[PDB]
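The opening position of the sequence shown corresponds to residue 25 in full-length UniProt numbering, with each subsequent residue numbered one higher.
Just so it is clear, CB atoms sit at the ideal spot from N, CA and C, and this is done for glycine as well.
Reading through the structure tokens given below for one structure.
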Amino acid sequence: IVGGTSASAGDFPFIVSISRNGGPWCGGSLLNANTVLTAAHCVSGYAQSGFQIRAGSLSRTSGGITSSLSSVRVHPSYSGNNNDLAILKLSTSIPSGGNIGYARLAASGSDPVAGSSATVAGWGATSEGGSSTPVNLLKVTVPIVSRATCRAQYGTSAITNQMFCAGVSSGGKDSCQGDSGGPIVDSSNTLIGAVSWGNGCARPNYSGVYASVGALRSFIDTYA
């Protein structure tokens with residue numbers, strides 16, 4: 025997260041860190057006791073044994089509750105950056121309570137309204153291409169950018185109806201490498217997307233691009 029502040033305990037009860045090969049990698053959202061939602065590109069085709077999920081902590085490396093993976097299912101229409109969601113099943117079920125809870129999802133068919141305020145969180149870099157990442161979870165609030173403006177930035181075909189955008193025209197506030205798969209919420213803390221892709225991090229005139237929960241509810245609901 026670029027331009028962020030520390031998350032407080034309980035800010036995102038459902039957030040998980042996803043380590044790979046013992047190191048930082050992605051974020052995700054706990055949907056129920058045995059299921060995590062993340063970005064497809066975090067997991068697709070990689071050895072599943074490399075991943076460890078941690079819930080209930082502001083850190084990736086201690087606290088809360090961990091699990092390995094039992095299975096991985098990417099969206100059936102995943103291609104390139106498009107439809108960048110995956111359902112992970114956990115080897116160890118994770119109960120709600122305390123600072124752990126399950127995500128509430130954006131309504132089917134919803135689409136975040138341009139100019140509304142969203143909050144994204146993760147353990148990724150604090151600068152583009154940064155090598156160091158923070159121990160504790162960061163968050164940042166940015167406005168939704170219309171799909172039309174996002175298509176002006178990236179190209180018409182590049183931004184689909186299963187993506188939405190968020191960021192500030194001047195840059196300086198964004199998700200970044202290592203934040204992929206983690207949550208972006210609306211002002212009510214409802215899960216509206218997963219961190220997906222963008223041109224660098226926090227650059228002027230290049231929004232962050234998110235996989236849209238409102239657009240991808242059929243997949244999520246079927247397999248959660």
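(request) Say whether the segment 116-132 touches the segment 71-81, bearing in mind that this needs 3 or more beta-carbon pairs closer than 8 Å, one atom from each stretch. (result) Touching, per the Cβ criterion.
(message) Excluding the 5 residues flanking residue 56 on each side, which residues of the same chain have their C-beta closer than 7 Å to its C-beta?
(response) Here the question's residue 56 lines up with position 32 in the sequence shown. Within the same chain, residue 56 has close Cβ partners 126, 248.
(request) With DSSP as the reference, label residue 4 as helix, strand or coil. (result) Look at the range of the chain in this structure, 25 to 248, and you will see that residue 4 is not part of it.
(request) Could you please give me the residues that DSSP links to residue 42 through a beta bridge? (result) Within the sequence shown, numbered from 1, the residue matching residue 42 stands at position 18. Beta-bridge partners of residue 42 (DSSP): 50, 77.
(request) Give a yes or no on contact between the segment 146-164 and the segment 65-74, applying the rule of three or more CB pairs nearer than 8 Å. (result) Taking a cut-off of 8 Å on C-beta distances, the segment 146-164 does not touch the segment 65-74, as fewer than three cross pairs fall below it.
(request) State the DSSP-derived secondary structure class of residue 225, mapped to helix, strand or coil. (result) Taking the sequence shown and counting its residues from 1, one reaches residue 225 at position 201. The DSSP-derived three-state label of residue 225 is coil.
(message) Quick check: residue 204 and residue 99, are their CB atoms within less than 8 Å of each other?
(response) By 1-based counting over the sequence shown, the position of residue 204 is 180. By 1-based counting over the sequence shown, the position of residue 99 is 75. The answer is no: Cβ separation not under 8 Å.
(message) Could you compute how far the alpha carbon of residue 135 sits from the alpha carbon of residue 228?
(response) Looking up residue 135 in the sequence shown gives position 111. Looking up residue 228 in the sequence shown gives position 204. Cα-Cα distance, rounded: 23 Å.
(message) Let's test the definition: count the other Cβ atoms within 10 Å of the Cβ of residue 105 and tell me whether it reaches 16, buried, or not, exposed.
(response) Residue numbering aside, residue 105 sits at position 81 when the sequence shown is read from its first letter. Buried: at least 16 other Cβ atoms inside 10 Å.
(request) Round the Cβ separation of residue 174 and residue 26 to the nearest angstrom and send it over; I've been treating them as touching at under 8 Å. (result) Reading the sequence shown from its first residue, position 150 is the one you call residue 174. Reading the sequence shown from its first residue, position 2 is the one you call residue 26. In this structure residue 174 does not touch residue 26 by the C-beta definition: roughly 18 Å separates them, more than the 8 Å allowed.
(request) With a threshold of 16 other CB atoms inside 10 Å of the CB of residue 51, please say whether the residue is buried or exposed. (result) For the purposes of this step, residue 51 is taken as the residue at position 27 of the sequence shown. Looking at its Cβ environment, which holds 16 or more other Cβ atoms inside 10 Å, residue 51 is buried.
(message) Below 8 Å on the Cβ atoms is my contact criterion, and I expect residue 235 with residue 218 to pass it. Report the Cβ-Cβ distance as a whole number of Å.
(response) By 1-based counting over the sequence shown, the position of residue 235 is 211. By 1-based counting over the sequence shown, the position of residue 218 is 194. So it is a contact: roughly 5 Å between Cβ atoms.
(request) Pick helix, strand or coil for residue 245, following the three-state DSSP scheme. (result) Working through the sequence shown from its first residue, we reach residue 245 at position 221. DSSP places residue 245 in helix when its eight states are reduced to three.
(request) Report the three-state DSSP secondary structure of residue 145 (helix, strand or coil). (result) Walking along the sequence shown from the start, residue 145 turns up at place 121. Note: residue 145 maps to strand in three-state DSSP.
(request) Alpha carbon to alpha carbon, how far is residue 246 from residue 97? Give it in angstroms, no decimals. (result) Your numbering for residue 97 matches position 73 in the sequence shown. Your numbering for residue 246 matches position 222 in the sequence shown. Spanning the two alpha carbons is a distance of roughly 11 Å.
(message) Excluding the 5 residues flanking residue 197 on each side, which residues of the same chain have their C-beta closer than 8 Å to its C-beta?
(response) As a first step, residue 197 is located in the sequence shown; it is residue number 173 there, counting from the start. 26, 27, 28, 164, 165, 166, 191, 226.
(request) State yes or no: is the C-beta of residue 183 within less than 8 Å of the C-beta of residue 130? (result) As a working note, residue 183 is residue 159 in the sequence shown. As a working note, residue 130 is residue 106 in the sequence shown. No, these two residues do not count as a Cβ contact at 8 Å.
(message) Does residue 40 pass the burial test, meaning 16 or more other C-beta atoms within 10 Å, or should it be called exposed?
(response) Reading the sequence shown from its first residue, position 16 is the one you call residue 40. So residue 40 counts as buried.
(request) Have a look at residue 171 and residue 74 and give me their C-alpha separation to the nearest angstrom. (result) Counted from its first residue, the sequence shown places residue 171 at position 147. Counted from its first residue, the sequence shown places residue 74 at position 50. When only Cα atoms are considered, residue 171 and residue 74 end up about 35 Å apart.
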